[PDB]
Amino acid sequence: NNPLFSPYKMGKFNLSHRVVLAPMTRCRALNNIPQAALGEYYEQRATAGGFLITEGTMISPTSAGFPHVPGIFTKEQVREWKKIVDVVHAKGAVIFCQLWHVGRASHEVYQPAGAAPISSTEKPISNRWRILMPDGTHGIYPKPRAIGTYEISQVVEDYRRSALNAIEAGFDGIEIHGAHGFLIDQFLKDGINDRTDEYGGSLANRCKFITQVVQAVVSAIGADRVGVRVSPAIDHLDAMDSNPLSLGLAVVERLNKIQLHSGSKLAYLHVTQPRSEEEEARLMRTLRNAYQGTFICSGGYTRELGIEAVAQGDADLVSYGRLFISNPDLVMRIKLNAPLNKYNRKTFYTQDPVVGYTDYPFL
C-alpha cells in the first residue's frame, strides 16, 4: 500500500490522499485580478479529496513584489476568485488561499506611487539577489522603509481583512506565507531584523509579528481554517538566522500556545526545507515532533521521498511545487508510478494564459 493514498483528517477537511499542491506564484493574474486561466490551471490539478494551496495572494496595495500576482483585498478580486474556487470545488478539492506580503522584496515599480517597500528594517536585500521586473529583466532591490508599531498593526489588519475576504470568495481556508525572506520572515530572521523595539532582539520579540498575524486571522475565521508556512533553514533573499532550529522551535512554541488559547488546532504547519541531508532531516523531524498538529513538508520532494516521509511519520502531508507545474495529474502519476514530465523554468513567471501554464499534458 502507498501511504500517500491513505486518507487524512485535516481538521474538518477529509482528504483522500496526502499529495498537496504547493503554493506557486505564476504571474498570470493580469493586473492583480484573478483570471479564467487560473481557474483552468487549478481545475487541471484538482482531485477529489485533494488539497490545493494557491499562489501567494496580495493582502494590500503595498504587498506585491512580482508582476501580475492576484490580490484578495478588493471586491473585484473576491468576485473573480469565487469563480475559480467554484470550479475547484466542483472537482471535490479543498483549496486554501496563501496570503502574501513581500516586505522589502519589492521595487518601486510594484508599489503605489513608486513608494519604497516596507520592512522590519531599513537594510536592503544584498546585491547577490535581483528582482524580476515587469519587462522580464532583473533589477536592484531598493532600500525599504522600516515601519513603526502603529503601521505594524495596520498590516496585521490587512491580513485579517484578506482572510475574511478569502472566506467570502468560498476558500476553505488561508495559509499565512511566513517563509522565504518575505515580510514575516524579515521579522523572524536575526540576519534581517535589526530592531531595538519590542519586535526585535529576543526570540520572543522576533516572533511577535507572526504571532499577531496568526492570532488575528484565527480570531477572524477560526483556527481550523488557518495554515502557517515558515522556512527557518532557507536563506532566500538574505534571510539567514544564527540558529535556525532554535528559531523554528520558538515559532512552533507560539503556534502551540495560540491553539491552547483558542481551544482549537490550526489547519497545519507547513515547512519548506533546503536541499547535510541528515542534519536537515533531523531539523524537520524535530519541528514536526514539537508541533501539536498536522505537518506538511515541502522542498525537493519526489515520489520516493514523499512515500518515505509519510511512512516514517516525518510528515502528514507532502506538498509538491515544480513537478505539479509540469504534471497536472501529478496525483494520478504518483498513484501509478507513471513517468513525470519535465518543467520549463523559462515559463514559470511569464504571462501567457496557456503556454507553460495549462498546456503541460496529461497521461
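Note that residue numbering begins at 1 and tracks the sequence as displayed.
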Unmodelled deposited residues flanked by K75 on one side and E76 on the other: none
Residue stretch of maximal mean CA temperature factor, 168-176 vs 194-202: 194-202
95-103 set against 119-127, stretch whose average Cα temperature factor tops the other in the entry: 119-127
Selection by C-alpha B-factor (highest) of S231, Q186, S262, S246: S262
Out of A29, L52, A309, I296, residue topping the C-alpha B-factor column of the entry: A309
For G227, the third of its chain into which the C-alpha B factor falls: lowest
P61, C-alpha B-factor rank within chain (lowest, middle or highest third): middle
Chain thirds of CA B-factor: placement of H270: lowest
Ranked against its chain, the third holding the CA B-factor of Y357: lowest
Chain thirds of CA B-factor: placement of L21: lowest
